[PDB]
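Nothing in this text is a laboratory measurement; each read-out follows from the coordinates by a stated rule. No Cβ is skipped: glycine too gets one built from the backbone with ideal geometry, and neighbour counts run over all protein chains shown.
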Amino acid sequence: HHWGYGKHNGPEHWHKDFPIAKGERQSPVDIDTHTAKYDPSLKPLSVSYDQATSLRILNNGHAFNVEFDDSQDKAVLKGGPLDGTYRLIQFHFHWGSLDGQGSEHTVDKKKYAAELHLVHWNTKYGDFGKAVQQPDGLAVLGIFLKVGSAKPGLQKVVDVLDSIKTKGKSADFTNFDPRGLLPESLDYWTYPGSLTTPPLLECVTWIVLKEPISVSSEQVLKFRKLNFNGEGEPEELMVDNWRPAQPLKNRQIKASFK
Ligand SMILES: COc1ccc2c(c1)CCN=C2c1ccc(S(N)(=O)=O)cc1
Ligand SMILES: [Zn+2]
């Protein structure tokens, strides 16, 4: 009886195995844009992905992960709210059964069709595993997806999904360049939060870009052909793998822009 996104194992049940689900800095949240304050002392955000080296793509039974070789000083996030340097380890998405839902963060209660999470660990802690024992161990760059024009730089991900249709399948995926998934602007909101899947650890500085990327309906329809299930098991389409907004509990959300 593993956690998931269904009636009997979804987000309203996670607190039993993971009581931090009711913690003081859980994610995602609704971003109330009028209450977020501009912070002129945020330094510029720096996203340096030119030497990112992807290994592999994986269906882990809740989403798919695009993995990176994080053994060298490559693909780093710094600046903004962050002290020092954070190294990219993986990205994944959350998405809906319908274009009208799928994001985890919301913006004045608006749900986007999906949300990309680029996950980075603070290099002061040596690797991901020690970073997730720290309150400033991780930084996740979140990017909303809306349905409209296609995102050309997403198509190599879309096309490999047929080979990891089911849980536990992976495929070599070298030379994927995550620069092709960014929007033009790096304006963002930031707040302290958590992982949005079990174990829900409260390690994350969230950086959520204001500008969404556009993906086509056909691209997100191929996300929705994935399966929660393994090969040979009955089909449960991988859709609605998002956690809803959690209580803000007096945290403050800061804006990088006026
Ligand atoms: C070792 O590399 C990992 C990459 C990702 C995870 C783990 C390990 C352990 C299980 N948790 C994650 C994870 C990362 C990001 C998120 S999210 N949705 O907060 O970005 C959720 C879970
Ligand atoms: Zn995520």
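Side notes on the structure shown:
- Enumerated strands (runs of 3 or more DSSP E) restricted to the stretch 46-107, each holding at least 2 residues that are within 14 Å of ligand 2 (Cβ to nearest atom) and not small (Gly, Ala, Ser): 64-68, 85-95
- Residue within the stretch 175-190 that is without any contact (Cβ under 8 Å) to a residue 24 or more places away in the chain and either surrounded by fewer than 17 Cβ atoms within 10 Å (Cβ to Cβ) or away from ligand 1 (no atom under 15 Å from the Cβ) (or both) present: no
- The stretch 163-202 - residue that is in a strand (DSSP E or B) and of a type in the set (A, V, I, L, M, F, W, C) and, of those, nearest to ligand 2 (Cβ to nearest atom): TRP189
- Residue satisfying condition, being in a loop (DSSP other than H, G, I, E, B) and touching a residue at least 24 places away in the same chain (Cβ under 8 Å), within set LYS222, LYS258: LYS258
- Residue match in the stretch 107-114 (condition: under 18 Å from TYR5 (Cβ atoms), within 16 Å of ligand 1 (Cβ to nearest atom), surrounded by 21 or more Cβ atoms within 10 Å (Cβ to Cβ) and in contact (Cβ under 8 Å) with a residue 24 or more places away in the chain): yes
- Condition met for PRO212 (out of contact with any strand residue (DSSP E or B) (no Cβ under 7 Å at 6 or more places or on another chain) and within 17 Å of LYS110 (Cβ to Cβ)): no
- Among the residues of the stretch 57-79, the ones that are surrounded by fewer than 17 Cβ atoms within 10 Å (Cβ to Cβ) and touching a residue at least 60 places away in the same chain (Cβ under 8 Å) come to 1 in all.
- Subset of the stretch 14-41 that is basic (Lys, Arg) and over 19 Å from the mean Cα position of the chain (by Cα) - its residue that is surrounded by the most Cβ atoms within 10 Å (Cβ to Cβ): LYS22
- From the list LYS167, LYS254, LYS210, the lone residue that is surrounded by 14 or more Cβ atoms within 10 Å (Cβ to Cβ), closer than 25 Å to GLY129 by Cα, out of contact with any helix residue (DSSP H, G or I) (no Cβ under 6 Å at 6 or more places or on another chain) and not aliphatic (A, V, I, L, M) is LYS167.
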